[PDB]
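Asks:
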Amino acid sequence: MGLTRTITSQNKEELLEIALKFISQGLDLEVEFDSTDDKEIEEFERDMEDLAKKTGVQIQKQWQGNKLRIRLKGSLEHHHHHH
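Residue numbers (my numbering): 379 to 461.
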């Protein structure tokens, strides 16, 4: 349970920390990185994917114009299998 809020920030780093906060509790979170800089987007992707791996959850990448919105599903379903 929880309201999957949409955080639009031009800083991906804060989005990574707030991500870990929600997923650790078992909440779904939606963030969008407002930037067109490939290098910063690389860090946003790989860390959100890395988070998903370590927590055993999936993500949803959607390019909105050229701004990468990643929806994280902290509460996927029921599988307690490590990955």
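Positions of the beta carbon are idealized from the N, C-alpha and C atoms, including for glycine.
Helix, strand or coil, according to DSSP, for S453 in the structure here?
Replies: coil
Asks: Could you spell out where the beta strand (DSSP E) holding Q440 opens and where it closes?
Replies: Where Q440 is concerned, the enclosing beta strand (DSSP E) stretches over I437 to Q442.
Asks: Just the Cα atoms here: how many angstroms apart are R447 and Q438?
Replies: 8 Å
Asks: Return no unless some Cβ of chain D is closer than 8 Å to the Cβ of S387.
Replies: No chain D is part of this structure, which consists of one protein chain only.
Asks: Return helix, strand or coil for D406, following the three-state DSSP convention.
Replies: For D406, the three-state secondary structure derived from DSSP is strand.
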